[PDB]
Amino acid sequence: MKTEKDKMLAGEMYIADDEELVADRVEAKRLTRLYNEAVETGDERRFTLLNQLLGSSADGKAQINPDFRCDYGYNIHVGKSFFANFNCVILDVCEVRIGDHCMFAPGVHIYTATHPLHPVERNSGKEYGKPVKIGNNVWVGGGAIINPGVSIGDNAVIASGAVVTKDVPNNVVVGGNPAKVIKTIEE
């Protein structure tokens, strides 16, 4: 009684080649291409296009540099004054919730998509995701990776190249691969 798209958003195994999901993706790719051309050439319509790609932004003025990639787009919800530098990728099979005043340096990747560890489940045509939640005033450094299901508290700083495999508390700098706490921000 659930559609594949229902299952996907729900964290449950779903069929990636479901006809609706497929059409959502070819649409996202098409719009993303227009968006990228718009931001690359500095056209004011980039916001109009972004605002049809992203599931939502708090101020309809998110700044995202080229070439952005996403799976669906509509699962991405960002707060006020969102900035993302060159070449960010967001696999938003599940919800990606980002707070206010967040900044991504170039090449930041956020994944909610994943697979089973075992070859048969994984090769079975089904797969699933775990939503990612990012707080307020989070600064993600260049090339960091935020794995599925991860949550990052407010005022956190992800160092460049960090592979964030576990939740990150408020007011910490984390770094490394896998990332660990390396400092506490004092207020």
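Numbering starts at 1 and runs along the sequence shown.
Of 123 to 131 and 140 to 148, the one with larger mean CA B-factor
So the stretch with the higher mean C-alpha B-factor is 123 to 131.
Decide which of the stretches 114 to 122 and 39 to 47 has the higher mean C-alpha B-factor, going by the entry.
The stretch with the larger mean CA B-factor is 114 to 122.
Looking at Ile158, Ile64, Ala58, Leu31, which one carries the largest C-alpha B-factor according to the PDB entry?
Answer, based on the entry's C-alpha B-factors: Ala58.
Relative to the other modelled residues of the same chain, rank the CA B-factor of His77 and answer lowest, middle or highest third.
Answer is lowest: the recorded C-alpha B-factor places it there.
Considering only modelled residues of the same chain, in which third does the CA B-factor of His101 rank: lowest, middle or highest?
Highest third, going by the recorded CA B-factors of the chain.
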